[PDB]
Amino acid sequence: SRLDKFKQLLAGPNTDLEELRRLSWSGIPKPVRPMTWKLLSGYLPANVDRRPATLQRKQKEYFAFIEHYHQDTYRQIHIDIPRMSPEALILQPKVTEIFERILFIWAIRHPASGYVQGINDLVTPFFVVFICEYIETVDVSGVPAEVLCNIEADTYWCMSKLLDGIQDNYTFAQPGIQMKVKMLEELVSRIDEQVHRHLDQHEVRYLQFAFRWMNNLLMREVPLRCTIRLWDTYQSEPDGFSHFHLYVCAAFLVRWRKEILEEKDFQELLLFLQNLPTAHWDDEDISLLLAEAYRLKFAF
């Protein structure tokens, strides 16, 4: 019924992307998530009859990259990929190779950035969402090779689209990140001046914990199932990864205002902010976080 509404929008003939965005904000049912993400990111056209040709042509373009294609870029990627999360997925030997190849191709095609640790995490939600359209816990072993290459292309293009809205995060000296941490600081000074002063009082700088929140898009702070839900809304929002993300970070911080303000040791305060207790988090927790982020957007 919510699912029947998504399916009806997706069938077109010319899908209303405004209406799809407004529905996706509140989360996308799993059965339609892969095609919804593809449409909302602009990978596939709104016009239903154009989609198959466009998909096949974009996939072939990526396969041409693989054929056509630095030693130091590959060594950095070979060290990070093997030890990234979630370990059960990554340790599957076909997953590690796909991940390295996507990240290596992105890096040579974006020479102002190259490979920056943190971009490797942004591969995981696209890949897991897209591989889940072809499996019945995530084991890649049964997926035919042809289908797995198609997933890899889809993952590259959608990740590329995400990255094209946060370009300054990953250039030399990563000036997008510093700017976002500073705007986070200005935002929290205004919405929760008590949390702001306690951090100052105990010598915690926003950059010490929030660099990772911006660089990895909160993926090191919450479980993957949470990041997938969060990205439903990021893709529904205007400049979601870029601008709305800031407000999610502000809401994430002030969610533990009680535990922050009770913590008076600098070392444990920083440890806590870098290790927020979210292993048990579910969709209810993310929906609340987003509702708060949304409010903070209008307060500021």
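Residue indices: 1-based, along the sequence shown.
Visitor: Using what the record says, work out whether there is a hole in the model between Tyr69 and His70 and how many deposited residues it spans (none, 1 to 3, 4 to 9, 10 or more).
Guide: Missing in between: 4 to 9 residues.
Visitor: Going by the PDB record, how many residues of the deposited sequence fall between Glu146 and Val147 without any coordinates: none, 1 to 3, 4 to 9, or 10 or more?
Guide: Gap size class: none, per the record.
Visitor: Identify the stretch, either 108-116 or 210-218, whose C-alpha atoms have the larger mean B-factor according to the entry.
Guide: Between 108-116 and 210-218, it is 108-116.
Visitor: Look up the CA B-factors in the entry and say which stretch, 250-258 or 227-235, has the higher mean.
Guide: Averaged over C-alpha atoms, the B-factors run higher in 250-258.
Visitor: For the listed residues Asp154, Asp164, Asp121, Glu136, which one has the largest C-alpha B-factor as given in the deposited model?
Guide: Within the set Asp154, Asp164, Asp121, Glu136, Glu136 shows the top C-alpha B-factor.
Visitor: Taking the values straight from the PDB record, which of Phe63, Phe266, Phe272, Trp37 has the highest C-alpha temperature factor?
Guide: Answer, based on the entry's C-alpha B-factors: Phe266.
Visitor: Comparing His198 with the other modelled residues of its chain, is its CA B-factor in the lowest, middle or highest third?
Guide: Its C-alpha B-factor belongs to the middle third of this chain's values.
Visitor: Thinking about Cα B factors across the chain, which third does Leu296 belong to?
Guide: It falls in the middle third of the chain.
Visitor: Consider only the C-alpha atoms of the modelled residues in this chain, order them by B-factor as the entry records it, and name the third containing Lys182: lowest, middle or highest.
Guide: Middle third - that is where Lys182 ends up once the chain's C-alpha B-factors are sorted.
Visitor: Ranking every modelled residue in this chain by its Cα temperature factor as given in the entry, which third contains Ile98?
Guide: Answer is middle: the recorded C-alpha B-factor places it there.
Visitor: What third of the chain, by the recorded C-alpha B-factor, contains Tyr74?
Guide: CA B-factor rank for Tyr74: highest third.
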